[PDB]
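Structure first, commentary second.
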Amino acid sequence: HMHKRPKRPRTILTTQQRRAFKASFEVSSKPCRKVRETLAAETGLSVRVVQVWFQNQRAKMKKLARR
DNA sequence: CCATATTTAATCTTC
DNA sequence: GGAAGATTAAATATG
């Protein structure tokens, strides 16, 4: 019988964090879990934040792909 | 197959 | 106002 809990604060990426994600995206848009773990450790972000960033990046590039 | 994980598509939300 | 981070259920992928 759980109450409705609020959302986590929206992540505000630093420039170094975003550059780390973009550089990995360049070699694969779908990092395996080991890579997501490595990226989480290098950025200090949670593995979920890492996964979601790639999710959202893929959605963005998919729309652009048809111009 | 079957349980679990990941991804997709769509959207809600906020910086 | 607009890009994008966070969430959701469904679909697809994986072991």
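Ligands are numbered from 1 in the order shown, residues from 1 within each chain, and chains are lettered A, B, ... in the order they appear in the structure tokens.
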
What are the closest atom pairs, with distances in Å to one decimal, for all residues of chain B lying within 12 Å of chain A? Consider only C-alpha atoms (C1' of nucleotides), order rows by chain and residue number, and present the result as JSON lines.
{"residue": "B:5", "atom": "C1'", "partner": "A:33", "partner_atom": "CA", "distance": 10.3}
{"residue": "B:6", "atom": "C1'", "partner": "A:32", "partner_atom": "CA", "distance": 9.6}
{"residue": "B:7", "atom": "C1'", "partner": "A:55", "partner_atom": "CA", "distance": 8.1}
{"residue": "B:8", "atom": "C1'", "partner": "A:59", "partner_atom": "CA", "distance": 9.0}
{"residue": "B:9", "atom": "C1'", "partner": "A:59", "partner_atom": "CA", "distance": 9.1}
{"residue": "B:10", "atom": "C1'", "partner": "A:59", "partner_atom": "CA", "distance": 10.9}
{"residue": "B:12", "atom": "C1'", "partner": "A:7", "partner_atom": "CA", "distance": 11.3}
{"residue": "B:13", "atom": "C1'", "partner": "A:10", "partner_atom": "CA", "distance": 9.2}
{"residue": "B:14", "atom": "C1'", "partner": "A:10", "partner_atom": "CA", "distance": 7.2}
{"residue": "B:15", "atom": "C1'", "partner": "A:10", "partner_atom": "CA", "distance": 8.0}

With C-alpha atoms (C1' of nucleotides) retained, could you export that selection as an mmCIF file, in the first residue's frame?
data_model
loop_
_atom_site.group_PDB
_atom_site.id
_atom_site.type_symbol
_atom_site.label_atom_id
_atom_site.label_comp_id
_atom_site.auth_asym_id
_atom_site.auth_seq_id
_atom_site.Cartn_x
_atom_site.Cartn_y
_atom_site.Cartn_z
ATOM 1 C "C1'" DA B 5 16.622 -7.903 -19.417
ATOM 2 C "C1'" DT B 6 16.767 -4.443 -22.736
ATOM 3 C "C1'" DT B 7 14.762 -1.559 -26.097
ATOM 4 C "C1'" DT B 8 11.073 0.985 -28.261
ATOM 5 C "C1'" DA B 9 7.524 4.334 -28.764
ATOM 6 C "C1'" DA B 10 5.185 7.730 -26.595
ATOM 7 C "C1'" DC B 12 5.428 13.611 -19.089
ATOM 8 C "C1'" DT B 13 8.229 17.066 -16.986
ATOM 9 C "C1'" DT B 14 11.852 20.499 -16.026
ATOM 10 C "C1'" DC B 15 15.691 23.063 -16.571
#

Find the residues near residue 3 (chain B): any atom within 12 Å, counting only C-alpha atoms (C1' of nucleotides), skip ones fewer than 2 places away on the same chain, and give them as an mmCIF file with N, CA and C atoms (P, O5', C5', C4', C3', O3' and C1' of nucleotides), in the first residue's frame.
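Output contents, as saved in out-v4.cif:
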data_model
loop_
_atom_site.group_PDB
_atom_site.id
_atom_site.type_symbol
_atom_site.label_atom_id
_atom_site.label_comp_id
_atom_site.auth_asym_id
_atom_site.auth_seq_id
_atom_site.Cartn_x
_atom_site.Cartn_y
_atom_site.Cartn_z
ATOM 1 O "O5'" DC B 1 7.570 -21.366 -26.914
ATOM 2 C "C5'" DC B 1 7.572 -22.792 -26.902
ATOM 3 C "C4'" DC B 1 7.966 -23.330 -25.534
ATOM 4 C "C3'" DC B 1 7.569 -22.445 -24.355
ATOM 5 O "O3'" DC B 1 7.208 -23.237 -23.235
ATOM 6 C "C1'" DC B 1 9.922 -22.655 -24.431
ATOM 7 P P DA B 5 16.675 -9.502 -14.428
ATOM 8 O "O5'" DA B 5 16.978 -8.977 -15.895
ATOM 9 C "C5'" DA B 5 17.898 -9.684 -16.696
ATOM 10 C "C4'" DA B 5 18.175 -8.936 -17.975
ATOM 11 C "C3'" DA B 5 18.344 -7.430 -17.816
ATOM 12 O "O3'" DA B 5 19.505 -7.039 -18.526
ATOM 13 C "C1'" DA B 5 16.622 -7.903 -19.417
ATOM 14 P P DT C 14 19.817 -9.719 -28.742
ATOM 15 O "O5'" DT C 14 19.944 -10.550 -27.385
ATOM 16 C "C5'" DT C 14 20.065 -9.844 -26.155
ATOM 17 C "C4'" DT C 14 19.957 -10.781 -24.973
ATOM 18 C "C3'" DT C 14 20.821 -12.042 -25.054
ATOM 19 O "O3'" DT C 14 21.738 -12.031 -23.990
ATOM 20 C "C1'" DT C 14 18.624 -12.519 -24.284
ATOM 21 P P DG C 15 22.948 -13.080 -23.951
ATOM 22 O "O5'" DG C 15 22.484 -14.144 -22.849
ATOM 23 C "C5'" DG C 15 22.064 -13.699 -21.561
ATOM 24 C "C4'" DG C 15 21.692 -14.877 -20.671
ATOM 25 C "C3'" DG C 15 22.568 -16.117 -20.830
ATOM 26 O "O3'" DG C 15 22.662 -16.807 -19.584
ATOM 27 C "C1'" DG C 15 20.363 -16.645 -21.457
#

### Message
Just the number, please: distance in Å from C1' of residue 11 (chain B) to CA of residue 19 (chain A), one decimal.
### Response
26.9 Å

### Message
I want to know what sits within 12 Å of residue 60 (chain A), based on only C-alpha atoms (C1' of nucleotides), with residues of the same chain fewer than 5 positions away left out; could you give that as a ChimeraX atom specification?
### Response
/A:29,53-55,65-67 /C:3-4

Report as CSV: every residue of chain C with an atom at most 9 Å from chain A, its closest pair of atoms, and their distance in Å to one decimal, counting only C-alpha atoms (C1' of nucleotides), with rows sorted by chain and ascending residue number.
residue,atom,partner,partner_atom,distance
C:4,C1',A:56,CA,7.5
C:5,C1',A:10,CA,5.8
C:6,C1',A:10,CA,7.1
C:7,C1',A:7,CA,8.7

#### Entry: Two-atom distance - CA of residue 21 (chain A), CA of residue 43 (chain A) (Å)
8.8 Å
